[PDB]
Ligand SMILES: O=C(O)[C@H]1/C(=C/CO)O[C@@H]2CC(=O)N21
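So this first bit is one chain, no partners, the form solved without the ligand, shown in structure tokens.
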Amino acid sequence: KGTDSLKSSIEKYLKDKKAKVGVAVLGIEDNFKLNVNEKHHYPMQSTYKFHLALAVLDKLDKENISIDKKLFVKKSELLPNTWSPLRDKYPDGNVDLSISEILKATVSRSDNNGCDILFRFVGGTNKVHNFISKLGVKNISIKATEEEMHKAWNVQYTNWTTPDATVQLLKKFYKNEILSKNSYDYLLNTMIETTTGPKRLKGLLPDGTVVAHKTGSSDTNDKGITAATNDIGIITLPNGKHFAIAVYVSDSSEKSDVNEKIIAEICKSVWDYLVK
């Protein structure tokens, strides 16, 4: 009963789903906690852009560098054949772009080139990994850039996480325990402003529900396996309180609409329990 009933209900929902689904929920201002299939390592995909953002903002805070500081981005950096609004906008590259514009593209629109530019700025994947670990959150592995991930099929598996780790990280962020007030406000806004993943965490929630989130997606291999279909974030309840949730649908044989629906239904079931 109570939380246990919710977990069981979610478990029942997942029994006929041909995927490995991981779930974690953490209440922001209360003691609520939920975990389903927590132990497993789930591939992050674009969800890791959130962590990267924390690292860049943290670097800016420490070095007292403005978010308006411009970085010259070489043409070679704006790789083709990858999702990049930045490349589309600046096809010839060789342009000076503010960190703010780069961050916005990376977090709000999942820009791959933007993510790699930022990884360079903070010093590489290991630096981000260290930064996250040093925050007291274990079980998150960050080893590959977007460029690297676009090669072999199994590179994406090297960027992994447990669901609970994500939720712990989100809560710390949401409570403004990691960055400065200015940086926190900015990142949060970018997370709310996004139009990605409308059928995921947000899909069955009521119109007007504020959700700050970051999506993650993958390709489908020739055996019909979609490696990752993810959505992570902070949701605002009707009473004004919040909860962090992370859902990873991994190694799925299901159709793309089903994978999104799984995230949506699971979130909806959590929401209903929490509202009550």
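The first residue of the shown sequence is 1; numbering continues from there.
Separately, the form solved in complex with the ligand exists; it is not shown, and the next lines address it.
A.B. asks: Considering the ligand in the deposited bound form, which of 211, 28, 36, 67 comes within 4.5 Å of it through any heavy atom?
C.D. replies: Exactly one residue meets the criterion: 28.
A.B. asks: Examine residue 6 and determine whether its closest non-hydrogen atom to the ligand in the deposited bound form is within 4.5 angstroms.
C.D. replies: Result no; residue 6 lies far from the ligand in the deposited bound form.
A.B. asks: Using a 4.5 Å heavy atom cut-off, state whether residue 40 contacts the ligand in the deposited bound form.
C.D. replies: Heavy-atom contact with the ligand at 4.5 Å: absent for residue 40.
A.B. asks: Residue 1 versus the ligand, in the deposited bound form: is there a non-hydrogen atom within 4.5 Å?
C.D. replies: So residue 1 does not count as contacting the ligand.
A.B. asks: May I ask you to state whether residue 242 is within 4.5 Å of the ligand in the deposited bound form, using heavy atom distances?
C.D. replies: Yes, contact at 4.5 Å.
A.B. asks: Where does the ligand sit in the deposited bound form: which of 247 to 255, 231 to 239, 203 to 211, 50 to 58, heavy atoms within 4.5 Å?
C.D. replies: Of the options, only 231 to 239 has residues within 4.5 Å of the partner.
A.B. asks: Relative to the ligand in the deposited bound form, which residues of 246 to 276 have a heavy atom no more than 4.5 Å away?
C.D. replies: 273, 274, 276 sit within 4.5 Å of the partner.
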